[PDB]
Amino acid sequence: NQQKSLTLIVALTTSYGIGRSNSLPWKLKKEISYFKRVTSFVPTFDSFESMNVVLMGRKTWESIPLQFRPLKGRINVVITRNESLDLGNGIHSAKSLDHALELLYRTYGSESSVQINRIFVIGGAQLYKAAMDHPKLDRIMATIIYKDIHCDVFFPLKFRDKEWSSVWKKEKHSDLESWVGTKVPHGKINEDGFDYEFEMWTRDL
């Protein structure tokens, strides 16, 4: 199994809402744009052999545009308990997060050209819940949507509330850009009627 640390990436409203009717209820191409630099930024040097992995629950699998997947230039994995089958041309399915890490280790690492850098959990609500309970999850890359938009799916942990202030801490913007690479919009950003912000949250293992 594991070695390295997991990163969770999410776009939620101040009330923890993350979905509605199996899609992510807003229109943000600058915020969708950010999910890509994050999810695929491997340091210039290692950039030769190293590729990032995004992990996802099947619904999200589904919820991702036909045109958009499999997410390019990242090993794509899907977590589905009842691994029925899986259409793909080199995309895995794993019974859990745990099985998924064992599948990547076994598969890569060894007699491979392909090495993994950073491992991401992109969702959904079900997979988010299991990564939050994983001893290896230490960081949350969160976009905050400052609107009380109607959702039917919620982030399972109020990580930003007082109840969790001795475990998750909001890091400095400078260390947010230092972790991604690229320069990232400081403050409040407004695109399509909404005000949002980029935060990086970290916990100690």
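Position 1 is the first residue in the sequence shown; the rest follow in order. Here the rigid core means the biggest group of C-alpha atoms that line up within 1.5 Å when the two forms are laid on top of each other.
Farther from the shown form on average, by C-alpha root mean square after a core fit in 7 other deposited structures of this protein, is 38 to 46, of the stretches 38 to 46 and 151 to 159. Of the two stretches examined, 22 to 30 and 166 to 174, the one with higher mean CA deviation in 7 other deposited structures of this protein after a rigid core fit is 22 to 30. As the entry records it, the average C-alpha temperature factor is higher for 63 to 71, out of 63 to 71 and 31 to 39. Per-stretch averaging of Cα B factors for 47 to 55 and 151 to 159 places 47 to 55 on top. Sorting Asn117, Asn76, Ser113, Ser96 by the CA temperature factor given in the entry leaves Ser113 at the top. Remark: of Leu85, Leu101, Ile122, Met132, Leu85 shows the highest value [criterion: C-alpha B-factor in the PDB entry]. When the modelled residues of the chain are ordered by C-alpha B-factor, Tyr128 sits in the lowest third. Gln3 sits in the highest third of its chain by CA B factor, as recorded in the PDB entry. Sort the chain's modelled residues by C-alpha temperature factor and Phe194 lands in the highest third, per the entry.
Annotation for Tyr146: C-alpha temperature factor in the middle third relative to the rest of the modelled chain, per the entry. Ranked within its chain, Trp26 lands in the highest third, by CA B factor from the PDB record.
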